[PDB]
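Have a look at this one.
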Amino acid sequence: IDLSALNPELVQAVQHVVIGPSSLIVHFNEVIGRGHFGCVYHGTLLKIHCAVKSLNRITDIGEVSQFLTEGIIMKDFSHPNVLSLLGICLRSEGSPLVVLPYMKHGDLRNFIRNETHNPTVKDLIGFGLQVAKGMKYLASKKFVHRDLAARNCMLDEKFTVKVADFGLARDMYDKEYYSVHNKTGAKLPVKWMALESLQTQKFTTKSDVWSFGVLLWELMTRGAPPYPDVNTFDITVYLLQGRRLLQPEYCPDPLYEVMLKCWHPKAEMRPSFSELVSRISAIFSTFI
Ligand SMILES: Cc1cc(-c2cc(F)c3nnc([C@@H](C)n4ccc5ncccc5c4=O)n3c2)on1
């Protein structure tokens, strides 16, 4: 790595992000995750159980100083509902490996769809509140997620929910839900996107608020696909007919009212993540 190529203020932070190969064993024999940009494997860090992501499906990782800079930013994030970066390990043959905490119970969507798990309505709302707290933190860091959805949050061994799939962990972990734009070629999660982002492909924290509303709907339907009878970019036409996802059977009325505020046609009128934490914690507190 070329320390000179970095912003001079960040050079000190590199030692805290870089993991020496001696400190990490990767078990390439068993894939635990699959993304478009690469596979994920069990690993042991010095005995800390971790998830090691390869980026080898990409032809190139871009500018190495930029990759490092991304890693440094990501490493300073610390919140119990945000997936942390443990570090990055430089291997001789191949791209760098990204080292994340192991998430025993996988992604939130699959967890709520799992027949062997039986969360209550209170539990599902609490999963939503935990996501809201993670997003309030990210928004306070002026970080825009761009791909918030239940598939992109994960659960650890204590069922703590963590906003995942950002920074160096960013990928498409379920290709079904990404559609190619015709003018730009970008693969977009159209069914989670705000109206304005469908039009401009610009994403903001207020478009993350829209996605969060969809995520709440996923939770209360225990992982149903949103808008099944709508096809890809016909979602814009569908929404502009004056439509929204219907209230799920076991979704409390005030929680559906929160969903509708998250889908406000004017981005600036949608609630902040701080407001969502406040409103959801109240609704959650009414359940036993
Ligand atoms: C479906 C699905 C979703 C994911 C997923 C979603 C994320 F938001 C996400 N963020 N980071 C990851 C990768 C790096 N990851 C992280 C931890 C982990 N722990 C246990 C098993 C697999 C993983 C994993 O794939 N993710 C995988 O993997 N399969």
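Note that chain A is numbered according to Swiss-Prot, with residues 1053-1098, 1104-1345 shown in order.
Cβ atoms here come from the backbone N, Cα and C positions, even for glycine.
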Let me know which member of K1104, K1110 Swiss-Prot also records as binding ATP at the site of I1084, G1085, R1086, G1087, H1088, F1089, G1090, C1091, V1092.
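The one candidate that Swiss-Prot places in that ATP site: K1110.
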Which candidate in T1126, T1217, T1289 appears in Swiss-Prot with the annotation phosphothreonine?
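Out of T1126, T1217, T1289, Swiss-Prot attaches the phosphothreonine annotation to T1289.
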To which residue among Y1194, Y1235 does Swiss-Prot attach the annotation phosphotyrosine?
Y1235
According to Swiss-Prot, which residue out of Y1234, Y1313 bears the annotation phosphotyrosine?
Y1234
Going by what Swiss-Prot says, which of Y1159, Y1230 is noted as phosphotyrosine?
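Annotated as phosphotyrosine in Swiss-Prot: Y1230.
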Give the distance between the Cα atoms of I1084 (ATP binding site) and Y1235 (phosphotyrosine), rounded to the nearest whole Å.
22
Filtering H1088, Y1234, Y1235, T1289 (recorded positions) by proximity to ligand 1: which pass a Cβ cutoff of under 6 Å to any of its atoms?
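Result: none.
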Whole-number Å only: compute the distance from the Cα of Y1235 (phosphotyrosine) to the Cα of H1088 (ATP binding site).
11
Roughly how big, as a whole number of Å, is the Cα gap between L1098 and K1104 that 5 unmodelled residues would have to close?
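Unmodelled segment endpoints: Cα atoms separated by 5 Å.
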